[PDB]
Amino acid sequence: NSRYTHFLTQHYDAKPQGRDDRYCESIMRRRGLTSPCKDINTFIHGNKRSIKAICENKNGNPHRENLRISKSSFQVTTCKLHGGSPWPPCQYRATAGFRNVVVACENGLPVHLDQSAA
């Protein structure tokens, strides 16, 4: 479905080379997140299959109300908008982290990244 497709274009980069400010600025641009600059965005790296599995008990648990939280931890990179301007150039500050992710699942696939923990 399209939401899951959207989830990946916004939140998934399998293998990132470098996870600094330069990567953030680059990937936010390539994934259509700079008009206007999105304020905060997290990218999950690794194998799609483990991200998908958060939606079942295989790699995830019920969290909050309608959220699910990963049983395993992921390598992630959050991009925080630096400054005020809502328009390009969009400058971001990267934080290369590692931890469990919270998503909303639909018909078995992640359709939302709860970015509240970012």
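Numbering starts at 1 and follows the sequence shown.
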Greater mean Cα temperature factor according to the PDB record, 80-88 or 26-34: 80-88
Pick between 39-47 and 53-61: the one whose mean CA B-factor in the entry is higher. 53-61
Per the entry's values, where does residue 97 land by CA temperature factor relative to the rest of its chain, in the lowest, middle or highest third? middle
Residue 15: C-alpha B-factor third of its chain, per the entry, is the highest
